[PDB]
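A structural walkthrough
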Amino acid sequence: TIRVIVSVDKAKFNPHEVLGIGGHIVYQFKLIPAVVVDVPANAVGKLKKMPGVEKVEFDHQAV
Amino acid sequence: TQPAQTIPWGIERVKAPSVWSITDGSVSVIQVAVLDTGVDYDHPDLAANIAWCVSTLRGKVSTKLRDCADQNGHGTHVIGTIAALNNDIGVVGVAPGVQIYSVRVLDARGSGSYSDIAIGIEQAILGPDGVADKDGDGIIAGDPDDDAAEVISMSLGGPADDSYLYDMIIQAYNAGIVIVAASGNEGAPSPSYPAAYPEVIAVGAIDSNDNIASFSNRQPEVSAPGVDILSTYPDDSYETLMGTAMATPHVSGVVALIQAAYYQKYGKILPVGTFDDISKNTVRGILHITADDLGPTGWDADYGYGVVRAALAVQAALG
Ligand SMILES: [Ca+2]
Ligand SMILES: [Ca+2]
Ligand SMILES: [Ca+2]
Ligand SMILES: [Ca+2]
Ligand SMILES: [Ca+2]
Ligand SMILES: [Ca+2]
Ligand SMILES: [Ca+2]
Ligand SMILES: [Zn+2]
Ligand SMILES: [Zn+2]
Ligand SMILES: [Zn+2]
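Residues numbered from 1 in each chain as written, not as in the entry; some residues may be left out. Chains lettered and ligands numbered in written order. Heavy atoms only, no water.

Per the deposition metadata, X-ray crystallography was the technique used to determine this entry, at a resolution of 2.20 Å.

The name the PDB entry assigns to chain B is Tk-subtilisin, from the organism Thermococcus kodakarensis. UniProt, in the comment section headed Cofactor, describes chain B in these words: "Ca(2+)". Chain B has a UniProt comment under Subcellular location that states "Secreted". (UniProt positions renumbered as here; feature names shortened; annotations may be inferred.)

Chain A is annotated in the PDB entry as Tk-subtilisin from Thermococcus kodakarensis.

Printed below as a string of structure tokens:
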């Protein structure tokens, strides 16, 4: 699994449907239209075409 | 048993003690959110200023103490620089009476993910009541009806830019909240993110001879004491460290003092201001024009505007 952050269109995107591609929801932001999701490394391309998905961004580490 | 109080040189350097007769930061509406490794929450020289203890590690928001405690020391040290109490023991912070929201976004290693950090910012904005703007008036930082922090302090950074992190920083900026971040420790030509956003004050590090530290990422917005910094450290102890992580809380303590002294006098807080600002009408304008202008005149790539000075910033704010 990798963890990505999906920018979403609220009125096209369904958090329950990331299961369709092997995914699950980690955290839905309240203040920004984005969601942290865990997904198979090879589902990122599928995730990118999911309805309501506007951008897929990857997680990074800070020191 | 606890040592007798000392004033770390960095506190003296940013001209904090002369403010404390006006305010030590303990104006009710003011809170500082420290996004870090957590906090030694029973530390005798910190306990009384910890108003809220949250954790966002692994995407999972927790108010449990197992989860909120410092397993590293980094957050305990940083927090002590802002807010170690003015009493008979240990050390003393820039704003030794300010309330702290310790928001644990970094793990036992002092390392953390962008997504936990972005959740951390949202949590600083939402406050313990889990609502940003409870009365729907548009005022969040400085509204005494809400519980948002007025300052977000981030002794962390990374080389990557993302719109999710960026949008969270716009949310905090728009909430009226002063954002402070370490410029980074790579000796690089420019700051790490989020310090590098125009919404965020990038802080660089000086040593005790007023030289910029060799590791300090350049092009900060201001600079502050960041080498040989004595502060609090687990368990119920003290340690001396260096890094822009140490410089950043000095600048957050100064900001809390401005906002706390301004509120106390006017019953409102100052606007955040811009990276460019040179007016006396915003927190950042005041920070710029009252900074000790070291090196080349005006903004320079080593020190930014100069070393922040609470005593003049606050005089200018009430002026
Ligand atoms: Ca302790
Ligand atoms: Ca003390
Ligand atoms: Ca709130
Ligand atoms: Ca409000
Ligand atoms: Ca209000
Ligand atoms: Ca507040
Ligand atoms: Ca200069
Ligand atoms: Zn998962
Ligand atoms: Zn990225
Ligand atoms: Zn660090």
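This part covers the pairing of strand β7 (residues 200–206) of chain B. Residue and element names in this part refer to chain B. Within β7, seven of the seven residues are buried, leaving the element largely enclosed by the surrounding structure. Bridge count for strand β6 (residues 178–182) against β7 is four bridges, and the pairing is parallel. The partner of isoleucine 179 across the bridge, within β7, is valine 200. The pairing of β7 with strand β8 (residues 222–225) spans four bridges and is classified as parallel. In the strand pairing of β8, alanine 205 is matched with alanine 224. (Buried < 20%, exposed > 50% of the residue type's maximum accessible area, 1.4 Å probe, protein only. Helix = DSSP H or I, 4+ residues; strand = E, 2+ residues; numbered from the N terminus. Pairing = 2+ DSSP bridges.)

This paragraph deals with the nonpolar core. The biggest cluster of nonpolar side chains holds 112 residues, and the ones touching the most others in it are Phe29 of chain A together with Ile121, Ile152 and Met154 of chain B. Tallying contributions element by element places helix α6 (residues 244–266) of chain B first for this core, with 13 residues. With residues near it in sequence (within four places) discarded, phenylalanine 29 of chain A still touches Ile5, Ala34, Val35 and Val36 of chain A together with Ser115, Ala118, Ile119, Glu122 and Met168 of chain B. In terms of nonpolar packing, the next biggest core, distinct from the first, is built from 15 residues, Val6, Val37, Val39 and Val56 of chain A among them. (Core = buried A, V, L, I, M, F, W, Y, C linked by side-chain atoms within 4.5 Å. Contact = heavy atoms within 4.5 Å.)

Reading across the sheet, the four strands line up as β2-β3-β1-β4 (chain A) and stay open at both edges, with antiparallel pairing between neighbours. One side of each edge strand has no neighbouring strand; the edge strands of this open sheet are β2 (24–28) and β4 (53–58) of chain A. Going from strand to strand, the sheet's axes swing by 30° on average, the running direction of each strand aside. In this sheet, β4 of chain A lies alongside strand β1 (residues 2–8) of chain A in antiparallel orientation, the contact comprising five bridges. Along β4 of chain A, the bridge assignment pairs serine 7 of chain A with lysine 55 of chain A. Packed on one face of the sheet, helix α4 (residues 114–126) of chain B meets β1, β2 and β3 (34–39) of chain A and runs near 40° to β2 of chain A. (Axes fitted to C-alpha atoms, helices over the stretch in contact; angles between N-to-C directions.)

As a further point, take α6 of chain B. All names here are of chain B. Counted at 1.5 Å a residue, the expected span for α6 with its 23 residues is 33 Å, and the 33 Å between its end C-alpha atoms agrees. Burial analysis of α6 places 20 of its 23 residues in the buried class, which makes it a mostly covered element. A positive phi of about 65° marks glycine 267, the residue just after α6. (Expected span 1.5 Å × (residues − 1).)

It is worth spelling out the coordination of the zinc ion (ligand 9) at this point. Distances from the zinc ion (ligand 9) to its protein donors, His60 of chain A (NE2), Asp162 of chain B (OD) and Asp162 of chain B (OD), fall at 1.9 to 2.7 Å. You can see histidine 60 of chain A sitting in the loop between β4 and β5 (61–62) and its partner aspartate 162 of chain B sitting in the loop between β5 (151–154) and α5 (163–174), one on each of two chains. Looking at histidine 60 of chain A, the relative accessible area reads 27%, which means it is partly exposed. In this structure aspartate 162 of chain B comes out as buried when scored by relative accessible area, which is 7%. (Donors = N, O, S within 2.8 Å, 3.2 Å for Na, K, Ca; no water.)

With that out of the way, let us pick up the packing of aromatic side chains. Residue and element names in this part refer to chain A. Under the defined criterion, the tally for this structure stands at five aromatic pairs over all chains. Arranged with centres 5.2 Å apart and planes meeting at 80°, the rings of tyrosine 27 and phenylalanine 29 form a pair that is edge-to-face. Taking the relative accessible area as the measure of exposure, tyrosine 27 reaches 11% and is therefore buried. By relative accessible area, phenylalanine 29 is classed as buried at 8%. (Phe/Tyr/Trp six-rings, centres within 6.5 Å; stacked < 30°, edge-to-face > 60°.)

Once that is clear, we can look at the side chain of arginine 3 of chain A. If you trace the backbone, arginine 3 of chain A turns up in strand β1. Classification of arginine 3 of chain A as buried rests on a relative accessible area of 19%. A polar contact of 2.8 Å, which involves the side chain of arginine 3 of chain A, links it to the side chain of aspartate 38 of chain A. In terms of polar contacts, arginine 3 of chain A uses its side chain to reach the backbone carbonyl oxygen of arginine 58 of chain B, at 2.8 Å. Look past the residues within four positions of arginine 3 of chain A in its chain and what remains in contact with it is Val26, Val36, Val37, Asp38, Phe58 and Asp59 of chain A together with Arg58, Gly59 and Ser115 of chain B. (Polar contact = N/O pair within 3.5 Å; in protein donor to acceptor, adjacent residues only side chain to side chain.)

We now examine the state of the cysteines. In protein chemistry, a disulfide is the covalent bond that joins the sulfur atoms of two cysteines. All names here are of chain B. Tallied over the full model, the rule gives one disulfide over all chains. Shown here is the disulfide that connects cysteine 53 with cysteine 68, its sulfur atoms set 2.1 Å apart. Judged by the sign of its S-S torsion, about 55°, the bond between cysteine 53 and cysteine 68 is right-handed. Of this pair, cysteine 53 sits in strand β2 (residues 50–55) while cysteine 68 sits in helix α2 (residues 65–68), and the two are 15 residues apart along the sequence. The class for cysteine 68 is buried, based on a relative accessible area of 0%. (Disulfide = S-S within 2.5 Å.)

All names here are of chain B. Throughout the structure, instances matching the rule amount to one cavity of 30 Å³ or more. Quantified by volume, the largest cavity comes out at close to 30 Å³. Lining the largest cavity are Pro8, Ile11, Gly80, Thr81, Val91, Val92, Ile229, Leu230, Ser231 and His250. Broken down by secondary-structure element, the contributors of at least two residues to the lining of the largest cavity are α3 (74–83) and β9 (229–233). A class-by-class count of the residues in the lining of the largest cavity yields six nonpolar, four polar and no charged. (1 Å grid on protein atoms, 1.4 Å probe; cavity = no way out; pocket = protein on both sides within 12 Å on 5 of 7 lines; lining within 4 Å. Points joined across faces, edges and corners; volume = space filled by probe spheres on them. Nonpolar A, V, L, I, M, F, W, Y, C, P; charged D, E, K, R; others polar.)

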